[PDB]
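Novice: Here it is, the structure, as structure tokens.
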Amino acid sequence: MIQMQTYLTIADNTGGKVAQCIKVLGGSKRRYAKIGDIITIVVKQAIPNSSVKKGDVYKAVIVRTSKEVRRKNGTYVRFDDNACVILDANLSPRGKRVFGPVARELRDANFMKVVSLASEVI
Amino acid sequence: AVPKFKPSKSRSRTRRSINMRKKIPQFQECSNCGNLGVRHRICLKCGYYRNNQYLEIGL
Amino acid sequence: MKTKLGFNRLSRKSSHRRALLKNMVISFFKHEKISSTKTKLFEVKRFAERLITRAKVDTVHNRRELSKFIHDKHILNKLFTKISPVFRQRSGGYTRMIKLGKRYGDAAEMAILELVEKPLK
Amino acid sequence: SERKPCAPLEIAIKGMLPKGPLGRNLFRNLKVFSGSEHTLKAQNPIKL
Amino acid sequence: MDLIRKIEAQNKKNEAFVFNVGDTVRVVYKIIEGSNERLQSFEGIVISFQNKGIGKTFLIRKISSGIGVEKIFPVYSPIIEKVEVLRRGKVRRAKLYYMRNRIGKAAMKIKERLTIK
Amino acid sequence: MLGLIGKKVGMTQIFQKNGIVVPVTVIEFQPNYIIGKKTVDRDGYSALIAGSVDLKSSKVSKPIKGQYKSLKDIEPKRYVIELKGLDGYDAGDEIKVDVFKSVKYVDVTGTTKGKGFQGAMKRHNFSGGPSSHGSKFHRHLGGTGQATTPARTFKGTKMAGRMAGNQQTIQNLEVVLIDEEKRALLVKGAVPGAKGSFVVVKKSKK
Amino acid sequence: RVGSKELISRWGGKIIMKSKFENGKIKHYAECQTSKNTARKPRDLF
RNA sequence: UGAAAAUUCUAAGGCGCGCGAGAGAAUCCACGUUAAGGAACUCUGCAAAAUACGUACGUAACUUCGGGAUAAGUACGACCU
RNA sequence: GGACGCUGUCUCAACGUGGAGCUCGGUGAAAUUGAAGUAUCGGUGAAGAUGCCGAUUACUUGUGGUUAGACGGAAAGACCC
RNA sequence: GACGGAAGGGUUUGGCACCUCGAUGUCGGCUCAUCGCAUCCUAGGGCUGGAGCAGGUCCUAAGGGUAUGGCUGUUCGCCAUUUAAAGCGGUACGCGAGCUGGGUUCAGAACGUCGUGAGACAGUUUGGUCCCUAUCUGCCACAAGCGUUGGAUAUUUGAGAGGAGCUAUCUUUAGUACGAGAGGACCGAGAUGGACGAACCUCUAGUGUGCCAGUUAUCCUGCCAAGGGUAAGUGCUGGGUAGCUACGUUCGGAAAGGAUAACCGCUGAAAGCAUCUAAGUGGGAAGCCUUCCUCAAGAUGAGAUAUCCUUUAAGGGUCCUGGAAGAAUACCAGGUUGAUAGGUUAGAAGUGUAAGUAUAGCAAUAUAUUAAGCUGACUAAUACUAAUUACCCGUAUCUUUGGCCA
Ligand SMILES: [Zn+2]
């Protein structure tokens with residue numbers, strides 16, 4: 001349940017460490033993003049001398065949320081912080097490695113390469 | 001929030017007669033004394049109720 | 001719409017309702033027969049029958065529970081010794097509430113609550 | 001006309017009748033039938 | 001009696017495993033990927049039981065790569081292959097939600113019961 | 001249209017073979033009998049009168065009693081409805097629950113839960129005013145009309161008043177399970193009415 | 001990509017769109033090879 | 001209890017506010033709690049929430065050399081021996 | 001004006017609590033008021049009609065709510081002359 | 001499409017001073033809308049200097065939809081990201097007896113300018129009471145009375161009315177038609193969503209001042225032990241069933257048909273040709289009418305039927321026990337032939353191992369007895385208690401005519 005102004009952990013090695021959601025894409029009054037949705041983020045804090053500067057606007061995919069969402073088989077998975085991964089123009093991960101676990105709705109949202117680069121899929 | 005014109009006596013009478021209307025309570029004569037008591041209540045005159053004493057009626 | 005079924009709230013906050021119930025149950029056990037508003041008596045009997053059925057069996061632990069509600073020692077002993085042993089067999093319905101009419105003055109619905117069988121003397 | 005065959009003529013007559021309680025009563029005094037047969041055979045109506 | 005409960009008993013087909021809140025368990029269950037299934041595993045501490053009847057569920061928490069993860073499993077779900085109790089612990093609550101606030105080593109551990117000899 | 005008078009037992013969930021959970025509502029079907037028929041040349045239309053769970057013999061009025069005079073061993077029925085344009089049955093018959101065995105979707109009609117005198121914000125999803133910044137306006141209507149034109153409140157303006165209690169028919173409920181021995185139907189989703197209220201289940205239109 | 005669902009009837013027959021013509025009307029409708037039941041939208045044949 | 005006439009409870013003593021009883025719909029005023037986000041509200045962080053004590057550690061720019069300063073920031077506190 | 005922390009300010013409202021509100025019994029006002037078997041629309045008119053014209057609609061009478069109108073009530077307009 | 005020419009709209013800045021100064025409250029924002037079409041999107045077309053994609057212009061079309069933020073009191077505008085689109089207007093520049101008072105338009109004070117001065121300034125800055133219990137109409141809901149031509153009880157046909165009518169991305173057809181290449185479809189299907197609406201509580205989640213446990217301060221039950229009250233309207237914390245609720249679950253926007261708008265026709269004249277029209281006869285859109293859901297015979301035009309009753313009968317009401325219902329009402333279940341409520345028994349569950357005793361420890365405390373004790377708003381059983389040997393309303397009037405029968 002990421003909305004506008006939400007803070008997120010950038011979970012990849014581009015350089016950013018904190019991002020802020022500034023728009024939820026795909027819908028007119030759309031208000032919440034879930035796992036596997038694409039949002040527009042601004043970078044609020046980054047590793048020094050990186051390829052990503054503080055104050056740039058990118059698109060990112062949500063990989064962990066702190067609010068559980070129902071699955072078909074009845075299981076709910078609820079992480080402990082909200083985290084996203086930056087994307088380039090082709091809607092593919094800009095980074096080369098992903099930190100921590102991700103949720104398996106990326107599988108269905110067709111982010112197979114994010115899933116592969118993740119460490120654990122829950 | 002104030003009356004605009006004084007209402008007619010017809011309207012006032014109608015409202016008053018409809019609202020100030022009290023309904024009779026139901027009755028049922030006591031099995032003991034024959035008084036007409038309120039249905040489903042202890043008799044206030046003899047104290048019995050379904051042939052059972054519950055009160056001790058005084059003056 | 002109304003939730004919280006099981007009370008009447010007796011028109012008063014929780015602590016004062018609890019105190020009201022305790023006092024009226026004490027008086028009821030003391031006097032074998034009381035008169036009051038129908039709603040108050042209804043709740044009183046809901047709790048008095050529960051106390052009697054808990055006191056059907058006399059043990060230290062049961063007595064110490066019943067003290068958490070009955071704070072009059074004399075009436076606690078009376079409940080455990082003189083009242084229940086006559087309802088040892090009855091499966092329920094130890095009390096009897098019977099209506100009395102509308103009271104003059106504020107037109108409350110009065111009623112009388114009493115025990116079906118009077119206890120040992 | 002298709003939904004209510006008698007509606008056009010009923011509406012026209014209602015418009016041409018006077019207005020008020022007597023006009024409404026006069027319209028009560030009128031029976032309209034779509035077909036060529038009526039149920040008031042007991043009154044021996046005079047043809048016109 | 002109840003027709004709801006009879007339908008539930010007719011639809012259980014998968015008895016509940018035995019374990020208690022506070023134990024450390026490993027659950028092995030099935031996951032579909034389109035057309036293929038895989039066996040997946042989850043180690044953690046059971047930190048709650050849940051609702052009435054067949055809707056009963058349980059919650060498992062674990063720490064992965066420094067990030068906390070929780071999963072809710074329906075007890076009678078056919079996807080649950082096995083539940084095995086690695087360590088059995090002694091608690092005093094019925095829900096262990098305070099572990100969400102515990103941090104560090106304390107964030108994942110429960111003192112175990114030691115059965116008398 | 002095939003229909004039955006059932007009772008909403010409650011809700012539960014079931015596990016499909018591969019693990020997918022389906023939330024279902026359970027309906028219990030007391031025996032339903034055909035009490036009479038309505039005919040186009042005598043009543044103006046064709047329908048079958050269907051009845052359900054019995055009444056207590058002390059509380060059946062004689063009109064209701066005489067309604068069942070010609071039927072053999074059919075006690076008076078408390079819930080009576082009509083199924084328009086149906087055939088294949090006649091007075092004295094009895095409808096199994098299996099008439100839905102070949103049906104994929106159903107429609108259910110019942111009396112929705114009553115919510116009493118309810119305000120605008122619950123009744124019509126009205127937003128309210130702010131709860132701070134000096135506001136003295138929390139869950140009121142706001143404005144209702146315009147100023148001088150039209151100098152009245154239009155008919156149908158939405159205000160406070162009673163909420164729910166109406167009939168409602170919910171469409172295209174998938175049929176999950178049929179159980180003849182316990183006289184039960186399991187549909188997927190919600191069904192109007194409180195527990196123990198009586199619904200009517202019809203074959204879906206689409 | 002959840003595998004592209006094969007456009008199949010509930011009776012195992014392929015569903016194909018035809019365009020009937022009748023009295024100034026083009027009609028589009030769905031037809032099942034196995035059972036020849038004509039409907040008009042493959043929704044009604046799954 | 002405590003540094004204290006603070007705070008809470010209570011003895012002596014004095015009172016239970018000179019309309020009540022049922023029912024708990026909307027709504028009005030005053031409060032309690034809350035998933036996820038944390039000022040996106042709004043003229044304005046208005047209002048609330050939060051901070052709060054004792055004992056230690058550690059405290060800048062600037063300065064009229066007195067201050068700033070309880071700066072900031074952080075630890076310990078129960079029971080038994 | 002900005003930042004941290006914190007939060008129902010907000011996304012987005014929900015539930016509970018106390019006093020009113022509701023019903024009954026007792027006591028019992030108020031501003032206001034030419035009266036009244038006081039509907040709507042398109043018009044007309046001292047130029048925004050419950051009262052006029054044409055048409056439409058509407059069984060009689062209460063109660064709990066809501067303020068669009070009666071150019072509502074309150075103060076011989078404070079602005080202007 | 002210049003230069004000119006002819007109109008409409010009444011929204012902009014104005015003109016006039018006709019209503020109102022014994023008062024018609026003024027800008028924005030909030031809430032709630034309703035209507036117009038001069039159409040922003042979706043729909044149907046004509047022509048293009050329209051290859052395709054994407055447009056340009058014009059016509060028809062108001063069913064639905066028409067973003068969140070930064071700055072400013074702002075409407076407006078700019079800007080940041082979105083989106084199928086971020087429409088233009090009327091309604092006292094909609095809406096203060098619904099809200100806010102930032103702005104404007106009081107008394108304080110300050111700056112600039114003008115004045116010798118008191119002071120002034122459609123110049124600026126800061127601070128600055130937004131009153132009223134609804135009589136009537138209107139509207140949202142619920143009842144009492146009577147009518148519907150004998151009186152009642154169930155089931156319904158339906159005039160009429162309301163609700164709903166949004167749309168995207170991706171995958172096939174097909175990297176095919178088109179085209180130097182770049183690029184890239186119409187038509188028709190499939191899958192998954194956004195927004196909105198409804199129902200519901202199986203799950204997720206919130207509340208849960210019933211309940212259970214931990215603990216602080218103090219008082220009390222004589223004391224130990226064990227408990228109880230008070231720390232508004234829970235002392236503070238950890239949980240929590242039912243009920244309610246969304247953040248949750250499920251479902252809904254259809255398919256088909258009829259008549260049409262712009263448009264395209266066929267056959268054909270007036271006018272030997274030609275011509276969609278003058279006789280005829282066809283296609284043709286989210287629009288109109290049916291279809292879907294809800295209300296509905298006070299539709300006084302008061303309908304239709306099945307059964308009951310025939311001098312107070314059928315039936316209804318009051319009273320009482322209650323609910324799935326509820327402000328009072330009504331509706332619905334029940335009233336001794338009775339499971340309606342309370343109580344009781346048992347269970348689905350909540351809390352999490354009581355008191356007592358024993359053992360271990362100097363003690364705090366731990367272990368055993370023990371899935372304990374306590375609580376069970378729901379579910380089913382069991383007449384023990386309460387619903388009474390009971391009180392009021394309530395039936396073919398007469399005239400004319402036709403059919404059947406005597
Ligand atoms: Zn008597």
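Residue numbers start at 1 in each chain; chains themselves are named A, B, ... in the order of the structure tokens; ligands are numbered from 1 in the order shown.
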Kindly compile the residues surrounding ligand 1 within 12 Å, counting only C-alpha atoms (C1' of nucleotides) and all ligand atoms, and format them as an NGL selection string.
Specialist: :B and (28-39 or 41-57)
Novice: At a cut-off of 7 Å, which residues of chain C touch chain H? Count only C-alpha atoms (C1' of nucleotides) and give the answer as a tab-separated table (two decimals) with N, CA, C and O atoms, in the first residue's frame.
Specialist:
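Contents of the output file result-v5.tsv:
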chain	number	residue	atom	x	y	z
C	106	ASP	N	-43.12	9.38	38.10
C	106	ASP	CA	-42.35	9.35	36.86
C	106	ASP	C	-42.67	8.15	36.00
C	106	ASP	O	-41.97	7.90	35.02
C	107	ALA	N	-43.72	7.39	36.34
C	107	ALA	CA	-44.27	6.36	35.48
C	107	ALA	C	-43.23	5.29	35.13
C	107	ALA	O	-43.17	4.81	34.01
C	108	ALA	N	-42.41	4.93	36.11
C	108	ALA	CA	-41.51	3.82	35.89
C	108	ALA	C	-42.27	2.51	36.02
C	108	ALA	O	-43.32	2.44	36.66
Novice: Could you check how far atom CA of residue 14 of chain D sits from atom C1' of residue 160 of chain J, in Å to one decimal?
Specialist: 18.4 Å
Novice: I need the chain I residues near chain B as a ChimeraX atom specification; criterion: at most 9 Å, counting only C-alpha atoms (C1' of nucleotides).
Specialist: /I:31-36,61-62,70,72-73
Novice: If you run DSSP on the backbone here, which positions in segment 10-42 of chain G get strand (DSSP E or B)? Please write them as JSON, numbers by chain.
Specialist: {"G": [14, 15, 16, 17, 18, 19, 20, 21, 22, 25, 26, 27, 28, 29, 30, 31, 32, 38, 39]}
Novice: Env of residue 11 of chain G: 10 Å cut, atoms = only C-alpha atoms (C1' of nucleotides), seq-sep filter 5 positions within chain, self excluded. Answer as a compact mmCIF listing (two decimals) with N, CA, C and O atoms, in the first residue's frame.
Specialist:
# COMPACT_ATOMS: atom_id res chain seq x y z
N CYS G 32 -18.85 -23.25 -31.94
CA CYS G 32 -18.03 -24.32 -31.41
C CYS G 32 -18.05 -25.50 -32.37
O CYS G 32 -19.11 -26.08 -32.62
N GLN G 33 -16.87 -25.86 -32.89
CA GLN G 33 -16.76 -26.99 -33.80
C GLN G 33 -17.32 -28.30 -33.25
O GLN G 33 -17.97 -29.05 -33.98
N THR G 34 -17.04 -28.64 -31.99
CA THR G 34 -17.41 -29.98 -31.54
C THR G 34 -18.93 -30.14 -31.44
O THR G 34 -19.49 -31.13 -31.92
N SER G 35 -19.61 -29.17 -30.83
CA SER G 35 -21.01 -29.33 -30.50
C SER G 35 -21.95 -28.49 -31.36
O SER G 35 -23.17 -28.55 -31.17
N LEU G 45 -19.40 -19.70 -24.06
CA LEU G 45 -19.00 -21.06 -24.40
C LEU G 45 -17.85 -21.58 -23.54
O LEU G 45 -17.53 -22.77 -23.64
N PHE G 46 -17.22 -20.75 -22.71
CA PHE G 46 -16.19 -21.28 -21.82
C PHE G 46 -16.83 -22.18 -20.76
O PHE G 46 -18.05 -22.24 -20.62
Novice: Figure out the distance between atom CA of residue 97 of chain E and atom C1' of residue 352 of chain J, please, to one decimal in Å.
Specialist: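 Separating atom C1' of residue 352 of chain J from atom CA of residue 97 of chain E is a distance of 15.1 Å.
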Novice: Just the residues within 12 Å of residue 73 of chain C, please, counting only C-alpha atoms (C1' of nucleotides), with nothing from its chain fewer than 3 positions along; format it as a list in words.
Specialist: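 What passes the distance filter is residues 26, 30, 63, 64, 66, 67, 68, 69, 70, 76, 77, 78, 79 and 80 of chain C; 221 of chain J.
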Novice: For those residues, write N, CA, C and O atoms (P, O5', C5', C4', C3', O3' and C1' of nucleotides) to a file as a PDB file, in the first residue's frame.
Specialist:
ATOM      1  N   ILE C  26     -26.788  -7.955  46.640  1.00  0.00           N
ATOM      2  CA  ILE C  26     -26.626  -8.094  48.083  1.00  0.00           C
ATOM      3  C   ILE C  26     -27.961  -7.915  48.778  1.00  0.00           C
ATOM      4  O   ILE C  26     -28.364  -8.728  49.616  1.00  0.00           O
ATOM      5  N   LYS C  30     -30.224 -10.593  50.965  1.00  0.00           N
ATOM      6  CA  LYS C  30     -30.523 -10.296  52.358  1.00  0.00           C
ATOM      7  C   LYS C  30     -32.012 -10.384  52.640  1.00  0.00           C
ATOM      8  O   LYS C  30     -32.421 -10.907  53.679  1.00  0.00           O
ATOM      9  N   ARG C  63     -15.749 -20.181  47.119  1.00  0.00           N
ATOM     10  CA  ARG C  63     -16.075 -19.113  48.047  1.00  0.00           C
ATOM     11  C   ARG C  63     -15.232 -17.877  47.772  1.00  0.00           C
ATOM     12  O   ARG C  63     -15.729 -16.747  47.828  1.00  0.00           O
ATOM     13  N   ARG C  64     -13.956 -18.072  47.449  1.00  0.00           N
ATOM     14  CA  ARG C  64     -13.082 -16.933  47.205  1.00  0.00           C
ATOM     15  C   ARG C  64     -13.415 -16.229  45.899  1.00  0.00           C
ATOM     16  O   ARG C  64     -13.230 -15.013  45.797  1.00  0.00           O
ATOM     17  N   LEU C  66     -16.689 -16.134  44.777  1.00  0.00           N
ATOM     18  CA  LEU C  66     -17.918 -15.420  45.091  1.00  0.00           C
ATOM     19  C   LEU C  66     -17.658 -14.190  45.945  1.00  0.00           C
ATOM     20  O   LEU C  66     -18.472 -13.267  45.939  1.00  0.00           O
ATOM     21  N   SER C  67     -16.538 -14.145  46.663  1.00  0.00           N
ATOM     22  CA  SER C  67     -16.197 -12.929  47.389  1.00  0.00           C
ATOM     23  C   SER C  67     -15.810 -11.785  46.466  1.00  0.00           C
ATOM     24  O   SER C  67     -15.939 -10.626  46.860  1.00  0.00           O
ATOM     25  N   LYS C  68     -15.337 -12.074  45.256  1.00  0.00           N
ATOM     26  CA  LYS C  68     -14.974 -11.008  44.330  1.00  0.00           C
ATOM     27  C   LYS C  68     -16.169 -10.187  43.887  1.00  0.00           C
ATOM     28  O   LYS C  68     -15.982  -9.120  43.301  1.00  0.00           O
ATOM     29  N   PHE C  69     -17.373 -10.664  44.139  1.00  0.00           N
ATOM     30  CA  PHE C  69     -18.618 -10.013  43.769  1.00  0.00           C
ATOM     31  C   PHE C  69     -19.489  -9.702  44.971  1.00  0.00           C
ATOM     32  O   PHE C  69     -20.082  -8.630  45.036  1.00  0.00           O
ATOM     33  N   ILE C  70     -19.571 -10.618  45.928  1.00  0.00           N
ATOM     34  CA  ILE C  70     -20.292 -10.409  47.176  1.00  0.00           C
ATOM     35  C   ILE C  70     -19.289  -9.914  48.206  1.00  0.00           C
ATOM     36  O   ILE C  70     -18.482 -10.696  48.706  1.00  0.00           O
ATOM     37  N   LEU C  76     -22.462 -13.550  51.955  1.00  0.00           N
ATOM     38  CA  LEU C  76     -21.759 -14.616  51.253  1.00  0.00           C
ATOM     39  C   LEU C  76     -21.951 -15.945  51.966  1.00  0.00           C
ATOM     40  O   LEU C  76     -22.253 -16.967  51.339  1.00  0.00           O
ATOM     41  N   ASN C  77     -21.792 -15.946  53.286  1.00  0.00           N
ATOM     42  CA  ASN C  77     -22.013 -17.175  54.032  1.00  0.00           C
ATOM     43  C   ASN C  77     -23.452 -17.639  53.904  1.00  0.00           C
ATOM     44  O   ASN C  77     -23.714 -18.839  53.775  1.00  0.00           O
ATOM     45  N   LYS C  78     -24.402 -16.707  53.952  1.00  0.00           N
ATOM     46  CA  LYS C  78     -25.796 -17.095  53.793  1.00  0.00           C
ATOM     47  C   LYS C  78     -26.027 -17.735  52.436  1.00  0.00           C
ATOM     48  O   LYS C  78     -26.700 -18.761  52.337  1.00  0.00           O
ATOM     49  N   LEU C  79     -25.459 -17.158  51.384  1.00  0.00           N
ATOM     50  CA  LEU C  79     -25.652 -17.714  50.054  1.00  0.00           C
ATOM     51  C   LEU C  79     -25.087 -19.119  49.960  1.00  0.00           C
ATOM     52  O   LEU C  79     -25.688 -19.997  49.336  1.00  0.00           O
ATOM     53  N   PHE C  80     -23.933 -19.357  50.572  1.00  0.00           N
ATOM     54  CA  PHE C  80     -23.342 -20.681  50.458  1.00  0.00           C
ATOM     55  C   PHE C  80     -23.976 -21.704  51.381  1.00  0.00           C
ATOM     56  O   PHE C  80     -23.854 -22.903  51.123  1.00  0.00           O
TER      57      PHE C  80
ATOM     58  P     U J 221     -10.871  -2.872  56.834  1.00  0.00           P
ATOM     59  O5'   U J 221     -11.369  -4.148  56.026  1.00  0.00           O
ATOM     60  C5'   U J 221     -12.745  -4.336  55.738  1.00  0.00           C
ATOM     61  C4'   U J 221     -12.994  -5.643  55.025  1.00  0.00           C
ATOM     62  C3'   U J 221     -12.338  -6.874  55.627  1.00  0.00           C
ATOM     63  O3'   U J 221     -13.026  -7.389  56.756  1.00  0.00           O
ATOM     64  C1'   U J 221     -11.980  -6.860  53.300  1.00  0.00           C
TER      65        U J 221
END
Novice: Need the shell around residue 87 of chain C: protein/DNA/RNA residues with any atom at most 8 Å away, counting only C-alpha atoms (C1' of nucleotides). Skip same-chain ones fewer than 5 positions apart. Format as a ChimeraX atom specification?
Specialist: /C:56,94,117
Novice: Would you export the selected residues with N, CA and C atoms as a compact mmCIF listing (two decimals), in the first residue's frame, please?
Specialist:
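Listed below is the output, again.txt:
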# COMPACT_ATOMS: atom_id res chain seq x y z
N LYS C 56 -23.62 -23.51 44.09
CA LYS C 56 -24.22 -24.81 44.37
C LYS C 56 -23.26 -25.75 45.08
N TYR C 94 -34.14 -19.88 39.38
CA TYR C 94 -34.31 -19.82 40.82
C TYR C 94 -35.13 -18.63 41.27
N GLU C 117 -38.18 -20.59 46.01
CA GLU C 117 -38.28 -21.33 47.26
C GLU C 117 -37.47 -20.61 48.32
